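Here is the structure we will look at, set down as structure tokens.
Protein chains in written order, with the deposited numbering: chain G, 447 to 494; chain T, 417 to 465.
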């Protein structure tokens, strides 16, 4: 019964760490892209 | 009478030792897997450094 329960409860260490690394990468890329996106059109318009 | 009594208790002891043995084996396997996990975790987190 211990094994059976563990087959339901336990998350996988490797899978979760992989997911975390991936999500961190996505988050950094997203913030960078957002900064870029905000910043260019405003100044292009500004100079016009 | 003492002989038969001794036989009984010795058989009981044999049983109990056998009972302990299987728990030992299970502990061994689970420990192996847990050590593998721990090594992986330390490695990966040291990498994320």
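No residue lacks a Cβ here, since even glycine has one placed at the ideal position from N, Cα and C.
Using beta-carbon distances, residue 457 of chain T counts as an interface residue toward chain G, with a partner under 8 Å. Taking a C-beta distance under 8 Å as the contact criterion, residue 459 of chain G and residue 457 of chain T qualify as a contact pair. Beta-carbon to beta-carbon, residue 463 of chain G and residue 460 of chain T are separated by about 5 Å, close enough to satisfy the 8 Å threshold. Close partners of residue 453 of chain T in chain G (Cβ separation under 8 Å): 459. The shortest C-alpha to C-alpha distance from residue 464 of chain T to any of G:484, G:467, G:481, G:487 is the one to G:467.
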